Amino acid sequence: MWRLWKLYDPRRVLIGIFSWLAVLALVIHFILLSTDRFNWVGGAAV
Amino acid sequence: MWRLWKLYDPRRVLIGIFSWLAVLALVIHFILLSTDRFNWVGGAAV
Amino acid sequence: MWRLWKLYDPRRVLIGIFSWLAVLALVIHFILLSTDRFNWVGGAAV
Amino acid sequence: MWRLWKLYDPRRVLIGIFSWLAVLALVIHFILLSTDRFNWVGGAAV
Amino acid sequence: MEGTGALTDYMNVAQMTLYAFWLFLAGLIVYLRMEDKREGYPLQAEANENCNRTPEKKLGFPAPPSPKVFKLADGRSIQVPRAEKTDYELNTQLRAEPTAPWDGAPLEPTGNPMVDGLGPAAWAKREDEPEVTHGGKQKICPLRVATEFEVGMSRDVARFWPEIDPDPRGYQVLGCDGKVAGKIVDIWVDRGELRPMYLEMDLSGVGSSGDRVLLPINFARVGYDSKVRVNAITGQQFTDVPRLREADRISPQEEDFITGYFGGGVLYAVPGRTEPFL
Amino acid sequence: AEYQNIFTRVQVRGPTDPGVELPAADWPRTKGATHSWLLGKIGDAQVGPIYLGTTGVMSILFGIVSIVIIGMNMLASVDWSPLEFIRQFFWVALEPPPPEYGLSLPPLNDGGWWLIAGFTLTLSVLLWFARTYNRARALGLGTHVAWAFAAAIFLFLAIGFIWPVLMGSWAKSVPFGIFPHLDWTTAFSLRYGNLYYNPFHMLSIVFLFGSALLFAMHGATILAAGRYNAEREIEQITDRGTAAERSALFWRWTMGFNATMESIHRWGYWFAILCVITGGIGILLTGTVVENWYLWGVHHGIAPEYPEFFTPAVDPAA
Amino acid sequence: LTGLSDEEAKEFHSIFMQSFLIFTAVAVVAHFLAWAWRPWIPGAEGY
Amino acid sequence: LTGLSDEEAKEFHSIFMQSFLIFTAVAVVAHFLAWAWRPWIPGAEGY
Amino acid sequence: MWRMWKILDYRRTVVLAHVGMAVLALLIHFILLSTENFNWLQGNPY
Amino acid sequence: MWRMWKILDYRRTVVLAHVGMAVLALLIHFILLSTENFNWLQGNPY
Amino acid sequence: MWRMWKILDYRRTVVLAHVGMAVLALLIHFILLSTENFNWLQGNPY
Amino acid sequence: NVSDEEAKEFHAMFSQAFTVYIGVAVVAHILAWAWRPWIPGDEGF
Amino acid sequence: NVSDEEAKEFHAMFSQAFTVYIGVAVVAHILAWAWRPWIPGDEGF
Amino acid sequence: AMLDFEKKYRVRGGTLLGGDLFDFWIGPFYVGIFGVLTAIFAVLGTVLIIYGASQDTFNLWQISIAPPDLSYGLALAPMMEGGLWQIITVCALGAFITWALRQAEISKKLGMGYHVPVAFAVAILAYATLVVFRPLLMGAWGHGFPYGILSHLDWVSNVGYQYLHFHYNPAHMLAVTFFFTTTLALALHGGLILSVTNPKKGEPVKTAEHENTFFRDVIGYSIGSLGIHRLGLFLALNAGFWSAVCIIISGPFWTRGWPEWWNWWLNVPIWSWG
Ligand code: BCL
Ligand code: BCL
Ligand code: BCL
Ligand code: BCL
Ligand SMILES: CC[C@H]1c2cc3[nH]c4c(c3C)C(=O)[C@H](C(=O)OC)c4c3nc(cc4[nH]c(cc(n2)[C@@H]1C)c(C(C)=O)c4C)[C@@H](C)[C@@H]3CCC(=O)OC/C=C(/C)CCC[C@H](C)CCC[C@H](C)CCCC(C)C
Ligand SMILES: CC[C@H]1c2cc3[nH]c4c(c3C)C(=O)[C@H](C(=O)OC)c4c3nc(cc4[nH]c(cc(n2)[C@@H]1C)c(C(C)=O)c4C)[C@@H](C)[C@@H]3CCC(=O)OC/C=C(/C)CCC[C@H](C)CCC[C@H](C)CCCC(C)C
Ligand SMILES: COC(C)(C)C/C=C/C(C)=C/C=C/C(C)=C/C=C/C(C)=C/C=C\C=C(C)\C=C\C=C(C)\C=C\C=C(C)\C=C\CC(C)(C)OC
Ligand SMILES: [Fe+3]
Ligand SMILES: [Mg+2]
């Protein structure tokens with residue numbers, strides 16, 4: 001699987017992953033905020 | 001019927017089929033969801 | 001302070017200052033005309 | 001940590017810092033002016 | 001504030017989606033600004049512009065990106081910004097003197113600015129090899145060597161209503177003062193854009209009938225009276241228009257020389273053009 | 001008295017151009033290409049040839065079926081009268097399903113023809129995207145034009161397909177008509193409280209107005225620098241001439257900053273697609289996460305407050 | 001024609017038919033399960 | 001100035017830290033004055 | 001008729017037929033779905 | 001983990017980290033300000 | 001603190017200071033005019 | 001292109017700034033938790 | 001760059017204006033506070 | 001600081017007024033006499049706007065400098081009842097006109113044509129239609145739009161609905177078509193240039209023959225490198241011009257609902273069919 005890094009630039013892949021992780025982490029955190037159950041700052045009661 | 005690949009690029013046919021299969025599968029799955037009978041995620045009763 | 005003119009061209013500062021003074025004089029005269037107490041042509045009473 | 005001034009041009013860092021410091025100070029002062037508790041020139045009671 | 005889309009007591013999805021685009025737009029503006037700085041950067045800060053009295057390179061915000069490499073069809077790779085174009089600009093000695101010693105003062109040309117290359121007469125450093133088309137033919141070429149081209153898009157229009165489909169070959173060339181400089185003897189066409197780029201003309205009116213010179217089509221007013229009027233330069237100034245190294249070919253450098261010279265006449269053709277209305 | 005570079009005065013006609021040769025797997029181009037004097041006044045005079053490939057032909061077939069379905073329903077709506085069709089040309093349409101059908105398949109004459117016409121039109125634009133994509137690749141170009149078109153399709157699909165699906169009814173989608181789809185545009189703004197207060201509608205307008213502004217600037221700049229062969233922009237990008245220098249210097253001296261010959265096309269490219277991308281996003285947000293854009297604007301403190309000028313109306317049913 | 005010889009074309013054709021048949025074989029089993037769940041051919045009175 | 005030496009970089013940093021500390025110290029004094037006016041950390045019940 | 005392929009290009013004709021029949025097959029299936037008597041998913045009485 | 005600087009340009013990363021953390025820090029402070037339980041300026045009951 | 005002018009160009013800093021302070025001086029004067037207790041032109045009771 | 005020695009020097013000043021930033025951030029979160037815990041219970045805050 | 005003398009000359013020029021500008025600003029603020037203090041109490045102004 | 005090729009262009013002359021007195025650069029900006037005028041007008045208008053903000057609110061979106069009432073007619077209003085809007089309007093017109101005149105001097109100094117100032121004059125014409133020409137024809141300066149980011153959107157909304165359906169305005173339909181067409185033309189032109197000069201990685205930069213071939217392959221016609229810039233300027237300027245036409249005929253030349261304007265089409269004797 002190490003051959004992958006000769007097909008693709010390691011820097012380019014890492015930036016793509018890190019940007020993907022950042023955007024996904026923001027989306028999930030805000031998805032939880034939209035829900036009533038998982039809004040931690042809202043202090044809802046389950 | 002092997003002379004098709006003499007006439008047609010095997011790669012370009014494969015993209016043609018894959019796009020047709022992807023579009024058709026999405027449309028058929030969407031139509032079933034629109035129905036009140038085959039909407040499996042909606043769990044409608046017969 | 002006379003060495004300031006060894007750094008800035010006299011003409012460019014004269015244009016800058018005269019433009020600033022023209023703008024500032026107009027703004028203050030106009031701001032006074034907006035206020036009733038200092039609208040001399042408006043002639044409001046104290 | 002002093003190597004920061006070798007990697008970066010000190011002039012560009014100072015402008016970058018002072019741009020942030022000016023903008024941040026303006027943002028914070030304006031936010032306080034928008035509140036009722038900390039709007040000092042508004043003069044609102046607690 | 002309740003309902004779908006709510007994120008907090010005040011924040012909602014449409015507000016956060018908007019701030020997501022503000023972040024994307026700010027990043028895009030930075031990227032676009034960096035793309036703007038691939039020609040002409042870093043800035044040359046001349047000695048009179050600084051208190052340290054030494055020339056400096058200024059990057060600006062955002063700083064210029066890494067150099068860009070263009071692969072050319074002939075088999076070359078050119079790195080942008082080009083080294084020789086910058087090297088030429090920062091090594092030539094202008095035949096002009098600033099009107100005042102401080103930075104921002106305009107330059108006053110000493111010699112003839114039209115031939116020295118100052119202001120509107122300035123030319124860029126370009127390659128001296130004439131361009132070629134994708135097929136391999138000479139890109140810009142006169143009609144004599146490019147026999148597949150005929151003047152006039154429509155034969156019927158050029159035949160029965162020749163005013164709006166003119167054939168300027170054989171017309172007279174008039175300067176900005178009405179001086180008859182010469183006569184058009186050929187049309188140069190671009191094989192890539194299929195357009196007349198230049199009007200070759202003899203200098204019979206102000207020189208010899210065998211001296212050829214190129215008049216850019218965008219500097220020429222082709223009238224309905226078998227005349228071509230050049231408001232850019234005086235009829236006598238046609239004699240100093242830069243000449244082609246080869247009589248049948250023109251290079252990108254030569255194109256800048258010729259268009260630069262005629263552009264120099266916007267300010268320097270006659271006395272008073274460089275002066276204000278009042 | 002100077003040449004304004006508005007119309008081409010002298011024209012030259014060579015042989016008709018077959019075009020750059022394609023790889024030996026694409027369909028032959030058509031053999032019909034002519035030269036028009038009128039089009040040569042503005043730009044290139046050659047009309048044709050055109051490429052017809054697999055995706056190009058299939059897109060036409062889907063597009064024709066969409067246009068036939070729309071046209072026949074329009075003609076049937078005026079009782080097959082060509083005279084009434086001309087009279088009602090701007091008013092006729094193919095109406096979407098009524099709200100009672102939701103996202104299900106409606107009967108043909110109760111929104112079914114609309115859904116079929118919308119489906120085939122979507123297929124034709126999707127295939128046209130692939131056609132534009134393949135033509136750029138066949139000539140060895142970038143796919144910027146195809147992706148700019150894909151951004152347009154996003155707003156097309158957001159308005160007509162994605163947003164109605166999110167709302168759960170085909171009725172919210174737009175009819176195939178001239179004045180009827182303007183009525184949909186207005187009713188959309190009326191229903192959701194003044195779409196002027198949608199921030200992405202504001203942004204989409206910024207880039208729409210900025211696109212016309214940019215092309216006005218760039219078009220005028222290139223025409224003004226046409227004396228120095230500025231319209232040959234590829235050469236000016238790989239080999240910066242004086243036209244690129246003057247164009248860059250014109251705007252630098254004007255507004256302090258400037259682009260390059262290549263970079264101004266990036267600015268114009270992104271302004272055009274951001275107009276359509278932000279527009280699509282704003283349409284997706286309304287109805288789904290914002291009910292009333294004015295009330296949302298009041299909530300975020302952007303709605304201006306006006307002093308009294310009249311006696312305010314009071315709702316009798318309040 | 002494309003840059004394929006007879007052996008290349010015949011080699012592709014065999015794999016194409018195998019891939020088509022395996023794809024169709026899965027699709028048939030999928031439809032048999034779907035029919036077992038809910039048939040999609042109604043009678044004269046409907047479902 | 002762009003290619004600073006180690007000695008000049010070290011001396012720039014020393015002044016940079018002193019200037020930063022003075023700027024911070026003035027800010028901290030400002031915050032104690034601001035806290036005396038109206039505290040900005042509410043209790044459980046609020047202000 | 002075997003001589004049809006000396007007039008029409010067989011390579012292009014096969015593609016035209018396939019994309020052409022794709023449009024027609026999709027259209028007819030959609031029309032039947034948009035009718036009460038032949039929507040097999042809706043299963044209306046006949 | 002110092003090999004991260006052969007793949008990533010350190011000078012570019014530090015500037016991007018500061019700008020990225022400025023954005024994140026401003027966002028999170030503003031998220032707390034939009035809430036009622038954690039808006040320290042308003043001081044709602046907890 | 002004369003070492004500042006070996007780093008920052010004194011000529012451009014002075015112009016930056018004057019323009020920047022012009023905006024700030026106008027901004028603060030306008031802020032006071034917006035208030036009730038510090039608008040000297042309106043002269044509301046303190 | 002960039003040697004090992006510069007990578008060590010880049011990482012040394014990176015680790016120092018990371019440690020100081022993380023150290024202050026941890027204390028800030030402890031102070032924020034002491035003010036108002038942000039994880040609700042079953043019945044809320 | 002600039003010499004020690006030119007840097008000191010600039011700073012002497014800067015110190016003249018800074019003192020006068022801060023002196024007027026300080027006097028202006030003393031007068032402004034004597035007119036209407038801008039820090040409200042718990043009951044307001 | 002200057003671009004590395006900028007030095008040979010910073011020459012003297014080309015001004016319309018001011019001449020040697022104002023012919024200089026401050027940083028990258030050319031000043032000229034009209035630069036001093038446009039700076040004076042710009043700062044004066046902005047500071048007056050900020051003063052108007054101080055008297056109402058400092059919220060960036062809610063700042064609004066509203067024109068006077070229609071009851072004032074063409075008379076100058078008191079400062080806080082629309083007079084400030086009138087002063088800012090003449091400052092903005094002065095700023096815009098001096099801006100285009102400054103571009104003319106820059107165009108002449110660089111040997112360029114006056115296409116940019118003339119194209120900008122179309123935008124100035126549209127603005128002058130909104131605040132001068134249409135208010136003059138209707139007889140009151142109060143018909144102009146307020147100077148506010150969000151308040152002038154309410155003005156556009158209400159003015160558009162004064163004719164009950166502004167989409168049916170024929171000149172507005174044409175102007176919108178030009179606006180939509182120019183951004184389509186811009187996306188095509190911007191993309192085509194980028195596609196040629198930034199092709200698939202590895203391939204060389206393509207030529208002008210590829211540009212013509214691509215669009216003739218897609219739609220069967222290519223307008224050329226010169227035609228597209230003429231077309232882009234044409235579409236953008238017609239968008240500007242027909243925008244002015246659509247608003248100038250709304251109220252001075254049409255007081256009814258815009259859909260009613262199409263009644264002439266419905267009564268054409270050719271296709272009345274009744
Ligand atoms: C009363 C009316 C409302 C209003 C209601 C709406 C609604 C609803 C919408 C907009 C949208 C927009 N509005 Mg608005 N808008 C208002 C007032 C304005 C004003 C103004 C000065 O008053 C302006 C400048 C705008 C401008 C805009 C644009 C920014 C945006 C449209 C972008 C676009 O180019 O779409 C045109 C381009 C497309 C739709 C994509 C085209 C691509 C497809 C693929 C084309 C296929 C062609 C096809 C194959 C041809 C053959 C088909 C057959 C022949 C049938 N609006 C007021 C507030 N507005 C749109 C938007 O994006 O919202 C944010 C939108 O949905
Ligand atoms: C006097 C010296 C300078 C200074 C010199 C340095 C040096 C040297 C470094 C820092 C670093 C940091 N400094 Mg500092 N810094 C100063 C004082 C401060 C102050 C302050 C209040 O005084 C703050 C809040 C900060 C904040 C920060 C953080 C951005 C970072 C903390 C460690 C870290 O790596 O984050 C951890 C988090 C991340 C690494 C990722 C954060 C993700 C965010 C959301 C987006 C980042 C995008 C990412 C960079 C993408 C990379 C892509 C490729 C580059 C292409 N600095 C002063 C002004 N600072 C370090 C740093 O930034 O390294 C990267 C570092 O090496
Ligand atoms: C006598 C000849 C000249 C003159 C010669 C000099 C000389 C020599 C010097 C000055 C300097 C100054 N002069 Mg002077 N000056 C003159 C007469 C005046 C008069 C007057 C009415 O007579 C005034 C009010 C001033 C004012 C000033 C100050 C700008 C400055 C001193 C403060 C300082 O050190 O700033 C320092 C503060 C900064 C550098 C911070 C920069 C601020 C940045 C721009 C951030 C501000 C952001 C802003 C708030 C944004 C607004 C909000 C928006 C909504 C975004 N001068 C005359 C015209 N003057 C000194 C100077 O400028 O040094 C730098 C200096 O050396
Ligand atoms: C109820 C609302 C109505 C409607 C009512 C109106 C009204 C009222 C108007 C329009 C106008 C327009 N409408 Mg409409 N319109 C509607 C729906 C739409 C839709 C849509 C998708 O539904 C679209 C695309 C449009 C599009 C349009 C355009 C044709 C036109 C706006 C462009 C323009 O005026 O250029 C003109 C451009 C300018 C005037 C800009 C001027 C530029 C100046 C000279 C320069 C300023 C420089 C600046 C100060 C610099 C700042 C400082 C620097 C940044 C530092 N409308 C709905 C149905 N519409 C306007 C129009 O055509 O009038 C001209 C107009 O008045
Ligand atoms: C960035 C967003 C902007 C944008 C971009 C954009 N549009 C694009 C593109 C791009 C980048 C393309 O590449 C593509 C194109 O081809 O441009 C030339 C296109 C395009 N944008 C178009 C339209 C369009 N764009 C619009 C908008 C916009 N386009 C935005 C403003 C709009 C508006 C405002 O509503 C419209 C209407 C098309 C002209 C074209 C996409 C063409 C397409 O999808 O074709 C297939 C669709 C059909 C309906 C098929 C039609 C088939 C014919 C009816 C056949 C005729 C019969 C017969 C074959 C003819 C011969 C007759 C015989 C008798 C001989
Ligand atoms: C006519 C075709 C399109 C066009 C063309 C066009 N615009 C142009 C040009 C051209 C050719 C320029 O050369 C010129 C330029 O230099 O652009 C960079 C410009 C320009 N078009 C601009 C903006 C602009 N163009 C617009 C529209 C358009 N411009 C058309 C769609 C719009 C819209 C639709 O809203 C705007 C906002 C500027 C970036 C610039 C001209 C800038 C200028 O003259 O600035 C002078 C200095 C100032 C700071 C202005 C101060 C003015 C007043 C003193 C204060 C403000 C008064 C105003 C009434 C406030 C209004 C606020 C509310 C409406 C929110
Ligand atoms: C009689 O006429 C003849 C035959 C002679 C020819 C004449 C034809 C004429 C005159 C045609 C006229 C056409 C006109 C005027 C058309 C006007 C069109 C306009 C203005 C359209 C504007 C907007 C329309 C939009 C945006 C529609 C969007 C619809 C979409 C995106 C639909 C998507 C639908 C999908 C994807 C369907 C999916 C089906 C599935 C399977 C998912 O459903 C279960
Ligand atoms: Fe261009
Ligand atoms: Mg309707």
Side-chain angles (χ1 to χ4, degrees), chain F residues 182 185-186 188-189 195-196 201 204-206 208-222 230-231 233 251 254-255 261 264-265 268 279, chain N residues 38-39 41-46 48-49 63-65 85 88-89 91-100 102-103 115-131 134 145-153 155-163 165-169 171-180 182 189-190 192-193 225 228-229 232-233 236-248 250:
Chain F
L182 295 188
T185 305
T186 308
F188 193 101
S189 183
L195 203 68
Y196 278 133
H201 187 250
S204 190
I205 282 156
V206 164
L208 177 80
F209 286 166
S211 297
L213 155 68
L214 267 193
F215 218 164
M217 290 169 54
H218 175 69
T221 302
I222 293 302
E231 72 271 16
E233 293 180 319
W251 294 104
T254 298
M255 56 175 170
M261 186 63 70
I264 182 55
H265 300 94
Chain N
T38 198
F41 284 134
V43 173
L44 174 57
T46 302
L48 288 180
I49 282 177
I63 293 169
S64 176
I65 311 298
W85 177 93
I88 297 163
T89 297
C91 292
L93 275 163
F96 302 158
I97 292 170
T98 51
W99 187 268
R102 181 168 164 263
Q103 288 174 328
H115 299 68
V116 175
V118 167
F120 180 45
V122 171
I124 300 171
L125 166 66
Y127 169 76
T129 308
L130 287 172
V131 297
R134 191 183 173 265
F145 66 98
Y147 298 155
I149 294 176
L150 262 294
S151 71
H152 87 288
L153 292 207
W155 180 91
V156 176
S157 184
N158 291 292
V159 171
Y161 279 115
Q162 285 183 13
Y163 315 94
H165 214 327
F166 209 76
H167 278 140
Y168 287 58
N169 183 334
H172 180 265
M173 286 157 64
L174 199 53
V176 170
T177 297
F178 283 115
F179 261 103
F180 283 164
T182 181
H189 177 61
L192 184 64
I193 294 303
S225 56
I228 185 54
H229 298 97
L233 187 56
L237 288 207
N238 281 266
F241 170 73
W242 288 105
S243 303
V245 174
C246 92
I247 194 56
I248 200 67
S250 290

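Each chain gets a letter, A, B and so on, in the order its sequence line appears, and its residues count up from 1. Because only heavy atoms are used, hydrogens play no part in the values below, and waters and symmetry mates are left out as well, while side chains stay in. Each ligand, and each atom within it, is numbered from 1 in the order the structure gives.
Of all the N, O or S atoms in N:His189, the one closest to the Fe ion (ligand 8) is NE2.
Residue-ligand proximity: F:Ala220 is placed with every non-hydrogen atom at 4.0 Å or more from ligand 6. N:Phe145 does not count as a contact of ligand 4, since none of its heavy atoms falls under 4.0 Å from the ligand. Ligand 4 lies less than 4.0 angstrom from a heavy atom belonging to F:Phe209. In this structure, N:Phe178 has no heavy atom closer than 4.0 Å to ligand 4. In this structure, N:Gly148 is part of the shell of residues with a heavy atom less than 4.0 angstrom from ligand 6.
Classified by interplanar angle (parallel below 30°, tilted 30° to 60°, perpendicular above 60°), the ring pair N:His167/N:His165 is tilted. Ring orientation note: the planes of N:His152 and N:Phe145 are tilted relative to one another, at an angle of 30° to 60°.
Counting only non-hydrogen atoms, the option in N:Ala123, F:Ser211, N:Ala95, N:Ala100 that gets closest to atom 1 (C) of ligand 6 is N:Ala123. Considering only non-hydrogen atoms, atom 50 (C) of ligand 6 lies nearest to N:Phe96 out of N:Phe179, N:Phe96, F:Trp251, N:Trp155. Looking at N:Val176, N:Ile247, N:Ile97, N:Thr129, it is N:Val176 that brings a heavy atom closest to atom 24 (C) of ligand 4. Nearest to atom 64 (C) of ligand 6 by heavy atom, out of N:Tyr127, N:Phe145, F:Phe215, is N:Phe145. Considering only non-hydrogen atoms, atom 13 (O) of ligand 6 lies nearest to N:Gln103 out of N:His152, F:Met217, N:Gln103.
Within a 4.0 Å radius of atom 2 (C) of ligand 4, the protein contributes one or more non-hydrogen atoms. Inside a 4.0 Å radius of atom 54 (C) of ligand 4 there is not any protein heavy atom. For atom 11 (C) of ligand 4, the nearest protein heavy atom lies 4.0 Å away or farther. Under the 4.0 angstrom criterion, atom 33 (C) of ligand 4 counts as having a protein heavy-atom contact. For atom 36 (C) of ligand 4, the protein comes within 4.0 Å by at least one heavy atom.
When hydrogens are left out, the protein atom nearest atom 23 (C) of ligand 6 is F:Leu213 CD2, 4.7 Å; that is the closest non-hydrogen contact. With respect to atom 34 (C) of ligand 6, the closest heavy atom belonging to the protein is F:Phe209 CD1, 3.4 Å. The protein heavy atom nearest to atom 38 (C) of ligand 4 is N:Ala126 CB, 4.3 Å. In terms of protein heavy atoms, atom 59 (C) of ligand 6 is closest to N:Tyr147 CE2, 3.4 Å. Of the protein's non-hydrogen atoms, N:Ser243 OG, 3.9 Å is the one closest to atom 30 (C) of ligand 4. Among protein heavy atoms, the minimum distance from atom 5 (C) of ligand 4 is reached at N:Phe166 CD2, 3.4 Å. The single protein non-hydrogen atom nearest to atom 58 (C) of ligand 4 is N:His167 NE2, 3.3 Å, given as residue, atom name and distance. The nearest protein atom to atom 46 (C) of ligand 4, hydrogens excluded, is given as N:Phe96 CZ, 3.5 Å; this is a heavy-atom distance. Looking at atom 56 (C) of ligand 6, its nearest protein heavy atom turns out to be N:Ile49 CD1, 3.9 Å. Among protein heavy atoms, atom 9 (C) of ligand 4 sits closest to N:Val156 CG1, 4.0 Å. The protein heavy-atom contact nearest to atom 21 (C) of ligand 4 is N:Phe180 CZ, 4.3 Å. Looking at atom 41 (C) of ligand 4, its nearest protein heavy atom turns out to be N:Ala123 O, 3.8 Å.
Taking the six-membered ring for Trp, N:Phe41 and N:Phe96 have ring centres at least 6.0 Å apart.
Side chain of N:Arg102 to backbone of F:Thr254: a donor-acceptor contact under 3.5 angstrom is found. In this structure, the side chain of N:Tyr163 engages the main chain of N:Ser250 through a donor-acceptor pair within 3.5 Å. At least one donor-acceptor pair under 3.5 Å links the side chain of N:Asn169 to the backbone N or O of N:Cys246.
When heavy-atom distances to ligand 6 are checked against a 4.0 Å cut-off, N:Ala42 comes that close through both its backbone and its side chain. Proximity of N:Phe41 to ligand 6, defined as any heavy-atom pair under 4.0 Å, is confined to the backbone N, CA, C and O atoms. For N:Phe120, heavy-atom contacts with ligand 6 shorter than 4.0 Å involve the backbone as well as the side chain.
Side chains of F:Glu233 and F:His218: a donor on one and an acceptor on the other come within 3.5 Å.
Closest approach of F:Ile222 and F:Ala230 over heavy atoms only: O-CB, 3.7 Å.
With the Fe ion (ligand 8) at the apex, F:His218 NE2 and F:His265 NE2 define an angle of roughly 100° (rounded to 10 degrees).
Each of the following atoms of ligand 4 lies closer than 4.0 Å to a heavy atom of F:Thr185: 22 (O). In the vicinity of N:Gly160, heavy-atom distances shorter than 4.0 Å reach the ligand 4 atoms 1 (C), 5 (C), 8 (C).
At least one N/O/S atom of N:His172, from backbone or side chain, sits under 2.8 Å from atom 14 (Mg) of ligand 4. Using a cut-off of 2.8 Å, one finds that F:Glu233 contributes an N/O/S atom close to the Fe ion (ligand 8).
Of the polar atoms of N:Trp99, at least one N or O is found under 3.5 Å from an N or O of ligand 6, judged by distance alone.
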